[PDB]
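Structure record follows, encoded as structure tokens.
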Amino acid sequence: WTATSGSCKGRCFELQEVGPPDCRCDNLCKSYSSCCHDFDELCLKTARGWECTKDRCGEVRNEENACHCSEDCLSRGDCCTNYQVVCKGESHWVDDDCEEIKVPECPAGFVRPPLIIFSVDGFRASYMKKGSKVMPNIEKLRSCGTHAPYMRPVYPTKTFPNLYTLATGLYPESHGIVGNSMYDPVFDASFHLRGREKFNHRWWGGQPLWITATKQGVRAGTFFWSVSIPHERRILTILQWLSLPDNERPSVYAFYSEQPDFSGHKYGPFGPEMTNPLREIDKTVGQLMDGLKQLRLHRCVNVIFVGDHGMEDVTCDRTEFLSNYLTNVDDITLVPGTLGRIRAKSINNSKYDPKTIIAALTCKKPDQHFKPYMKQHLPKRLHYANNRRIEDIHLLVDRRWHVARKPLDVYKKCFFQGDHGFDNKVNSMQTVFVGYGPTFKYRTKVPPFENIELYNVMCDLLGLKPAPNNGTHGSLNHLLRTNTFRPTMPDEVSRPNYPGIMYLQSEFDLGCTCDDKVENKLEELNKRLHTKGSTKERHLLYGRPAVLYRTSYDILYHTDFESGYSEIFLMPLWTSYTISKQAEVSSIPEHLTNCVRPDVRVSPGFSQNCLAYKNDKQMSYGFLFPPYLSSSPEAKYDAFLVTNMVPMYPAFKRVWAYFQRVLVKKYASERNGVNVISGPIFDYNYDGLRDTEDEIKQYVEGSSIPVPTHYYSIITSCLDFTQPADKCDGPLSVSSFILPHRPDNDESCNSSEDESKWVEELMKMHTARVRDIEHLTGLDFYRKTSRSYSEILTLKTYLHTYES
Ligand SMILES: *[C@@H]1O[C@H](CO)[C@@H](O[C@@H]2O[C@H](CO)[C@@H](O[C@@H]3O[C@H](CO[C@H]4O[C@H](CO[C@H]5O[C@H](CO)[C@@H](O)[C@H](O)[C@@H]5O)[C@@H](O)[C@H](O[C@H]5O[C@H](CO)[C@@H](O)[C@H](O)[C@@H]5O[C@H]5O[C@H](CO)[C@@H](O)[C@H](O)[C@@H]5O)[C@@H]4O)[C@@H](O)[C@H](O[C@H]4O[C@H](CO)[C@@H](O)[C@H](O)[C@@H]4O[C@H]4O[C@H](CO)[C@@H](O)[C@H](O)[C@@H]4O)[C@@H]3O)[C@H](O)[C@H]2NC(C)=O)[C@H](O)[C@H]1NC(C)=O
Ligand SMILES: O=C(OCc1cc(Cl)cc(OC(F)(F)F)c1)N1C[C@@H]2CN(C(=O)c3ccc4[nH]nnc4c3)C[C@@H]2C1
Ligand SMILES: [Ca+2]
Ligand code: NA
Ligand SMILES: [Zn+2]
């Protein structure tokens with residue numbers, strides 16, 4: 001109950017939120033229906049408009065005016081944003097020459113450059129180039145400051161998950177806002193887009209920037225604005241706040257614009273109706289900069305222009321219906337649209353079965369515009385699984401399409417021409433980033449990056465220590481002139497053993513056989529050097545990965561590859577090798593097809609065995625270093641060591657064999673040699689983090705050989721491809737993947753065809769950042785390069801997307 005008897009006299013846009021039963025006067029009280037009776041009268045004045053005209057100059061202060069042009073307004077902090085221009089011969093900020101801000105030029109009393117975040121809903125990355133003619137202010141920001149060609153949002157590319165990711169540095173799975181419309185089975189509660197349950201704090205996880213600031217003594221403006229507060233009034237309120245006394249004045253502010261998302265939904269991303277919303281946003285930006293200039297803050301404040309997601313062309317006629325697939329359509333609940341989430345309509349239904357649902361939605365029509373997934377099988381790069389609010393069954397919808405339950409859901413809810421929410425690697429979903437101010441660089445273009453990295457940088461800009469988040473702190477230091485945070489490499493926790501020859505062949509009882517008893521100090525002293533690591537500078541280019549957890553493992557050297565073999569998991573954690581541009585692919589000789597050889601450096605008790613794979617009818621095996629790429633017939637025998645073997649489903653062996661036989665060489669050819677690090681990943685609780693040994697849910701039948709959930713590879717070469725990978729003097733180039741280890745290829749609809757038609761498409765879908773692999777393996781890569789650590793962090797957050 002709000003007894004709204006109180007008044008907003010002198011409290012307009014107050015910064016402390018007073019609760020019931022006192023009435024509120026803050027920028028969100030409208031959305032709660034709790035404002036004082038006089039809020040509109042006093043706080044939302046509109047009289048005379050938003051601009052000064054020549055005839056208002058020096059006027060008598062009329063307090064009913066929306067903003068003022070009276071002589072005392074600068075002292076009151078409440079002039080119209082164009083006051084100095086109209087009434088004092090000043091120029092607009094946009095007409096001024098771009099001039100480098102080498103140091104902050106702040107008014108007395110300003111302890112640190114304030115941060116203003118100007119966030120725009122649905123601002124597609126291509127708008128920067130395509131709308132450039134109608135956005136002079138935004139274009140000046142972009143070209144004078146620091147900018148990326150685009151910024152990558154999180155999945156789902158919806159508004160709330162993305163805005164709250166911006167504020168927290170967390171994936172939606174971790175911050176808890178995993179979509180628009182959510183059901184929490186523990187709360188037994190529903191979060192609705194329109195309603196008052198969404199105002200319950202229990203939904204919102206992590207620690208948003210405004211809370212981080214407050215807890216560390218930095219004051220914050222209030223980030224959220226009621227829709228009915230017009231943008232001009234939002235800007236004036238921010239400017240008024242900036243004129244508060246030093247002890248009362250916030251250091252961080254946010255403005256939000258519902259455009260261009262609002263119009264883009266109606267008219268499509270490039271409808272001709274879209275030009276005016278872009279002009280208007282630019283005008284708003286112009287007013288802010290004019291206002292900052294009036295306050296002498298335009299060479300003091302750091303301004304971030306940032307979007308939440310883009311916008312794609314989507315229409316009613318591009319809808320798939322679950323009723324054209326399922327018979328039991330009424331037994332399911334569907335969260336519909338640009339993504340699909342499915343659960344049982346009733347929990348008292350023991351006949352509900354997700355396996356038959358997924359099967360009915362799998363590869364059923366030739367042009368099917370969505371793909372069903374159990375959430376744990378989603379590409380790991382989406383990080384969209386580890387939350388009770390994310391339904392087991394997910395549909396990844398093709399760009400430009402919708403999924404709905406039944407046709408009646410659409411025509412009785414064309415209404416729209418644009419939408420968003422698709423896979424965050426989709427070009428149309430990319431959004432913008434510009435930073436302008438003393439702390440950002442001057443006229444600098446930076447590579448595209450993910451929006452999860454921004455929280456750390458905003459904390460840096462404000463002198464704050466970030467809450468634990470999913471950014472990689474330091475990976476954006478190249479955006480900044482100063483304030484850089486100087487990260488150090490994590491300490492290695494486990495050091496390796498370096499085993500020599502300790503076991504005789506006959507001590508092993510692995511059920512393995514090999515036709516290798518085929519038989520001189522020339523090339524026998526030579527193979528001793530190879531087992532001690534003489535070729536190691538060729539195959540281990542960036543140092544050994546560091547093991548960041550407590551474990552027991554052996555470094556094993558070979559002519560063609562090097563591995564860190566885990567005595568705990570009975571397989572390498574990583575296998576490293578270099579394939580030059582001139583390397584030749586060979587075949588596995590007829591007699592060596594089923595060859596597996598004991599490794600005399602590693603005890604029988606810490607080895608796999610062939611018997612387990614013989615008895616396990618579902619499970620076969622593969623090799624991490626590919627026998628096809630051996631440098632010599634004799635070297636090839638190394639590739640058949642039991643310590644290079646890993647468990648693989650026959651269906652996955654199809655994928656893995658093609659990668660090793662065909663793609664690695666193709667990459668070596670294209671990139672002038674590659675270094676490859678491959679290995680297993682265990683993530684049985686789909687939390688994106690390495691499993692401990694007691695968390696493994698499946699072993700090769702009858703054994704302690706754990707079955708990986710995924711297999712990764714990291715493929716590095718020289719950015720300057722005129723230098724071979726193994727002799728690179730400068731920056732590196734990387735692409736990686738995390739392939740799901742599945743017993744079937746149901747994910748690939750063309751899998752009955754030749755691997756050359758479907759394997760590489762699958763791999764690109766499961767593209768990954770090195771950083772994703774670090775989380776999943778507890779390893780730290782690139783420990784020894786000639787590059788700066790910050791540059792390595794950037795490399796580690798890179799994602800090769802394969803968009804055009
Ligand atoms: C992306 O980055 C994020 C952020 O770093 C990573 O997520 C973090 O990962 C950590 C490791 O998994 C995890 O540590 C947990 O913490 C458990 C309790 O955590 C609660 O408190 C969190 C902090 O809030 C406070 O933060 C500051 C200080 O930093 C304080 O000053 C403030 O006052 C804050 O209150 C809080 O954020 C977290 O909230 C979650 O749950 C809320 C609802 O309950 C949501 O609103 C919120 O959004 C969070 O929801 C996410 O996270 C939970 C996991 O907590 C997850 O289930 C959801 O799906 C969702 O994803 C909590 O309220 C702590 O109990 C854990 O300790 C267990 O494990 C250790 C392992 O050694 C054991 O020693 C220990 O015994 C214990 O085990 C016990 O429980 C077992 C299982 O129940 C049981 O079997 C066993 O027998 C024991 O009883 C552990 O340390 C963080 O919680 C998590 N943080 C966040 C914000 O999500 C994430 O990993 C990154 N992603 C990637 C891919 O890298
Ligand atoms: O002004 C807003 O957004 C500024 C912003 C918000 C973040 Cl989180 C990060 C940002 O970007 C960043 F971080 F980069 F600065 C910028 N919003 C205004 C709109 C109307 N609206 C609500 O009224 C609302 C909905 C749920 C709530 N739960 N609790 N209060 C709530 C209010 C939601 C919309 C978004
Ligand atoms: Ca895990
Ligand atoms: Na298939
Ligand atoms: Zn939208």
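When a ligand or atom number is given, it counts from 1 through the structure's own listing order. Heavy atoms only: backbone and side chains are in, while hydrogens, waters and symmetry mates are out. Residue numbers run from 1 in the order of the sequence given.
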Is [X] salt-bridged to [Y], going by a charged N under 4.0 Å from an acidic O?
X      : Y      : value
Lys375 : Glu391 : no
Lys380 : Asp772 : no
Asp423 : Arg381 : yes

Problem set entry | Qualifying residues under side chain to side chain contact (heavy atoms under 4.5 Å, CB included), relative to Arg219, sequence neighbours excluded | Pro250

Exercise. Is a side-chain donor-acceptor pair under 3.5 Å present for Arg771 with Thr472?
Worked result: yes

For this session: Could you verify whether a donor N or O on one side chain and an acceptor N or O on the other, from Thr165 and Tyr455, lie under 3.5 Å apart?
Result: no

Problem set entry | 3.0 Å shell around the Ca ion (ligand 3), exclusive bound, protein N/O/S atoms | 5

Exercise. Which protein N, O or S atoms sit under 3.0 Å from the Na ion (ligand 4)?
Worked result: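 Hits for the Na ion (ligand 4) below 3.0 Å: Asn745 O, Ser748 O, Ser751 OG.
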
Exercise. Which atoms form the tightest heavy-atom contact between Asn162 and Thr157, and what is the distance?
Worked result: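 Taking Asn162 first and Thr157 second, the nearest heavy atoms are ND2-CA, 3.5 Å.
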
Problem set entry | Minimum heavy-atom distance between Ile342 and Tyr352, given as atom pair plus value | CG2-OH, 4.1 Å

Identify the protein atoms, limited to N or O, that lie within less than 3.5 Å of an N or O atom of ligand 1, and list each pair with its distance to 0.1 Å.
residue, atom, partner, partner atom, Å
ligand 1, 2 (O), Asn470, OD1, 3.4
ligand 1, 2 (O), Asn470, ND2, 2.3
ligand 1, 48 (O), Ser174, O, 2.9
ligand 1, 59 (O), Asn386, O, 2.8
ligand 1, 61 (O), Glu173, O, 2.8
ligand 1, 61 (O), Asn386, O, 3.0
ligand 1, 102 (N), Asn470, ND2, 2.9

Exercise. With a 6.0 Å cut-off on ring centres, are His420 and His309 close enough?
Worked result: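 Ring centroids of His420 and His309 are less than 6.0 Å from each other.
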
Exercise. Cationic tip of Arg690 within the cone over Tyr549's six-membered ring, i.e. under 6.0 Å and within 45° of the normal?
Worked result: yes

Exercise. Parallel, tilted or perpendicular: which describes the rings of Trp401 and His369, with under 30° parallel and over 60° perpendicular?
Worked result: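 Geometry flag for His369 against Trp401: parallel rings.
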
Exercise. According to the interplanar angle, ranging from 0 to 90°, do the rings of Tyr164 and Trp204 count as parallel (below 30°), tilted (30 to 60°) or perpendicular (above 60°)?
Worked result: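 If you compare the ring of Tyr164 with that of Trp204, the planes turn out perpendicular.
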
Problem set entry | side chain to side chain donor-acceptor pair (under 3.5 Å) assessment of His473 paired with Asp460 | CA-CA 10 Å; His473 206 172; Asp460 287 344; 2.9 Å; yes

